[PDB]
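Here is what each chain is made of, one letter per residue.
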Amino acid sequence: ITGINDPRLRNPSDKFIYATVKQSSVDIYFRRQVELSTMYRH
Amino acid sequence: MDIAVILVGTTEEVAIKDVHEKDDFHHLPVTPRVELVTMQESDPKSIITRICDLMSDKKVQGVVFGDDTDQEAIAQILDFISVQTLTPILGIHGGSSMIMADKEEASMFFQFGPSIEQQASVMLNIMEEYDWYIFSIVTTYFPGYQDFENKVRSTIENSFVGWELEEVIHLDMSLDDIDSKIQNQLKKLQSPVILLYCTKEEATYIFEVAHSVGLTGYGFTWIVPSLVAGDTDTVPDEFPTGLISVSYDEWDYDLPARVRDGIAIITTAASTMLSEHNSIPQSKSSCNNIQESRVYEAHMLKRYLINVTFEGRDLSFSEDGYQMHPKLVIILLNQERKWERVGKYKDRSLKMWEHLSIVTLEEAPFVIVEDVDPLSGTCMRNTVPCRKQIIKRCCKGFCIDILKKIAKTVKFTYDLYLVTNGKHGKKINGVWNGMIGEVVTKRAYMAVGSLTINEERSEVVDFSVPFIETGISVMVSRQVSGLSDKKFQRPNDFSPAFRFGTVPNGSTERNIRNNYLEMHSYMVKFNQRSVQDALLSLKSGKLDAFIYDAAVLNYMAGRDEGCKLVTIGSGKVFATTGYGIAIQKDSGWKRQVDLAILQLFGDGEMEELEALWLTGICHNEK
């Protein structure tokens with residue numbers, strides 16, 4: 001994973017999973033932040 | 001039980017009051033006994049006198065008061081009476097329904113009314129319904145301020161949405177102004193949606209001042225709590241038209257229906273208290289002497305009595321003594337002097353009752369149809385609605401954003417839908433197909449998408465300047481250096497069979513057929529259903545090379561599950577072209593569009609949009 005911004009993240013795939021915990025503060029980062037708000041859903 | 005109800009003014013004896021209750025709820029084991037009296041005219045001395053006098057003739061355990069009056073004070077007087085008799089009293093209309101000071105806890109009183117926080121909530125719901133996100137509050141030192149601000153602060157704050165509070169203004173009506181200090185503040189605010197809070201008269205002055213300031217005029221809109229509209233019988237036209245405000249209903253529940261509800265509340269409360277203690281609620285009514293013994297027990301009833309239901313409908317009260325989510329109607333000022341109902345709202349929930357249509361199609365770069373969240377019920381974020389006749393689909397992407405910016409700059413409004421027949425424009429025999437048809441049929445003024453440009457379409461419709469470098473190109477696994485080497489021209493020259501194909505009904509295929517026949521006639525076998533499927537023919541084997549639009553092939557070069565696919569040569573494309581946009585003919589907004597386009601790159605936005613939408617992770621490596 002090249003960076004925090006990974007094209008591989010940016011190029012999500014059903015085939016390549018990227019996993020987290022719902023209600024983990026990271027999720028709060030995803031919801032609160034508008035700039036990456038698209039990326040949260042994947 | 002023993003009950004009494006009173007109606008004031010209208011100059012009438014009316015049959016409908018019996019009709020009201022129409023011997024309602026006779027079914028109930030305890031029957032209401034009613035004595036009706038009306039008074040042409042009201043006085044605190046008169047009103048105070050009559051009900052107690054009636055206590056002497058009826059000895060009623062409950063009272064309902066109703067009035068034709070606009071008078072504020074009557075309700076409060078009745079609260080005092082509740083305090084005095086310890087006999088329940090409520091009111092269905094007019095002043096009794098009008099709001100009052102916080103009721104004494106010991107007192108038992110009910111009104112067909114509401115509060116301030118609730119009203120603010122309704123104002124928010126109304127704003128949310130029309131999706132007016134950005135608003136300001138103009139308030140005065142009149143009671144309830146910054147509790148109004150506080151309630152709003154919580155209600156606005158809790159929600160995820162990024163709505164904006166622009167200004168909050170507090171101006172004292174006292175110390176009346178030579179300075180037009182109200183004009184001096186009010187003139188400043190730029191916000192489209194204004195919540196106002198003040199006394200009715202003050203509203204008159206603030207509105208005159210707003211009319212001077214120019215705040216009343218189109219696109220700005222004003223929203224008001226109950227107090228300013230008041231009776232609604234009398235409306236100085238100093239109020240601007242289109243003024244939006246909340247008020248109590250009077251139709252959804254006839255004066256007689258409301259009285260029936262009141263009687264029903266009293267007798268339902270009597271029934272529930274009965275069921276609990278099997279005890280008669282009836283008590284001595286006489287005010288003049290000391291309050292009757294065992295009147296203190298009534299207290300428990302009130303605590304129990306707060307929520308009363310009939311007709312599967314809640315009369316449930318709140319601690320202030322107002323009914324819970326009382327019929328609360330959304331009202332607007334109709335043109336001229338009319339007050340016309342618009343929405344109804346109750347309890348938790350509320351219910352209220354240059355065009356240039358554009359057609360597109362779903363592709364890769366700048367163009368994606370997504371299915372909206374069903375729970376949400378409508379499109380989210382950057383996604384803009386598009387309809388397909390066959391259902392609402394949500395279109396979003398590079399092209400969508402470009403369209404949004406162009407429209408924003410030229411400042412026009414537009415309707416977006418999806419094409420049905422023939423996708424990208426195609427000439428078959430005599431006739432055209434696709435979005436171009438809707439451009440020709442004048443069912444679309446302008447067509448937007450991944451649409452390529454060609455001489456025929458430029459002939460029939462004016463095109464926008466190309467925003468992106470694209471064209472025909474090849475995508476292959478890790479062949480033609482000349483790229484015209486004729487290895488493509490004939491497969492048969494090479495003993496093993498070679499393979500290349502493209503999507504049919506394309507500008508690419510038509511161009512091919514125009515210039516190179518043999519390639520078309522051979523490639524018809526290798527033609528593929530869809531770009532994902534064309535990709536299936538390349539990716540899984542069974543096809544060597546794929547040919548398609550250069551922008552799509554470059555983005556796909558950048559975006560692949562593995563970096564197994566690349567462009568041809570430097571991806572330098574023959575038939576060098578760019579994506580244009582349809583218009584009708586020589587008559588059109590035309591040039592205005594074009595300028596906008598080069599403003600987009602002119603500020604350098606296109607590079608950012610390229611990095612976000614177009615840039616693929618692949619091809620970094622090479």
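Determination of this PDB entry was carried out by cryo-EM to a resolution of 9.25 Å, according to the record.

Caption draft 1: How the structure looks around the overall build of chain A. Assigned secondary structure in chain A consists of three helices and zero strands. Along chain A, helices (α) and strands (β) appear in the sequence α-α-α when read from the amino end. The principal-axis extent of the C-alpha atoms belonging to chain A is close to 25 × 20 × 15 Å.

Caption draft 2: Looking closely at the overall build of chain B. Looking only at helices and strands, chain B features 20 helices and 27 strands. Relative to the 2.2 N^0.38 estimate, which gives 25 Å for 622 residues, the radius of gyration of chain B is 37 Å and therefore markedly larger than a compact globule would have.

Caption draft 3: Spatial organisation of the sheet that holds strand β7 (residues 164-171) of chain B. All names here are of chain B. As summarised here, the arrangement of the eight strands in space is β7-β6-β8-β9-β10-β13-β14-β15, forming an open sheet in which the pairing is mixed. The open sheet terminates on both sides in strands that have one partner only, identified here as β7 and β15 (349-352). Strand after strand, the sheet turns through a mean of 25° between neighbouring axes, direction not considered. One ladder, built from three bridges, connects strand β8 (residues 193-197) with strand β9 (residues 221-224); its direction is parallel. Across the sheet, residue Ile 194 finds its bridge partner in β9, namely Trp 222.

Caption draft 4: Local environment of the sheet that holds strand β4 (residues 89-91) of chain B. Residue and element names in this part refer to chain B. Spatially, β2-β1-β3-β4-β5 is the arrangement adopted by the five strands of the open sheet, whose pairing is parallel. Here the strands that pair on one side only, and so sit at the sheet edges, are β2 (33-39) and β5 (109-111). Within the sheet, the average angular offset between the axes of one strand and its neighbour, ignoring direction, is 15°. Summarising the sheet, strand β3 (residues 62-67) and β4 pair through three bridges and their orientation is parallel.

Caption draft 5: How the structure looks around the pairing of β8(B). Residues and elements named next belong to chain B. Bridge count for strand β6 (residues 134-140) against β8 is five bridges, and the pairing is parallel. Its bridge partner lying in β8, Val 138 is registered against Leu 196. Handedness of the crossover joining β8 and β9 through helix α8 (residues 200-213): right-handed.

Caption draft 6: Expanded view of the pairing of strand β13 (residues 328-333) of chain B. All names here are of chain B. Bridge count between strand β10 (residues 244-247) and β13: four bridges; the pairing is antiparallel. Its bridge partner lying in β13, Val 246 is registered against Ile 330. In the sheet, β13 pairs with strand β14 (residues 339-346) via six bridges, with the strands oriented antiparallel. Bridged to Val 329 within β14 is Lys 344. From the end of β13 to the start of β14, which pair antiparallel, there are five residues, and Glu 336 there has a positive phi angle of about 60°.

Caption draft 7: The arrangement of helix α10 (residues 255-277) of chain B in detail. Counted at 1.5 Å a residue, the expected span for α10(B) with its 23 residues is 33 Å, and the 33 Å between its end C-alpha atoms agrees. At the C-terminal side of α10(B), B:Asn278 shows a positive phi close to 50°.

Caption draft 8: A look at unusual backbone geometry. All names here are of chain B. Of note in the backbone geometry, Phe 25 takes a positive phi value of approximately 60° without being a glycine. Relative to the helices and strands, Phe 25 is located in the loop between α1 (16-21) and β2. Positive phi is not limited to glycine here, since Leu 356 has a value of about 45°. As for its position among the elements, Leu 356 is in the loop between β15 and β16 (358-360).

Rules used throughout
- Residues numbered from 1 in each chain as written, not as in the entry; some residues may be left out.
- Chains lettered and ligands numbered in written order.
- Part of a larger assembly, values for the part shown.
- Heavy atoms only, no water.
- Residues with missing side-chain atoms left out of burial classes, pairs and counts.
- Helix = DSSP H or I, 4+ residues; strand = E, 2+ residues; numbered from the N terminus.
- Rg over C-alpha atoms; globule rule 2.2 N^0.38 Å.
- Pairing = 2+ DSSP bridges.
- Axes fitted to C-alpha atoms, helices over the stretch in contact; angles between N-to-C directions.
- Right-handed = clockwise from strand over helix to strand, strands pointing away.
- Expected span 1.5 Å × (residues − 1).

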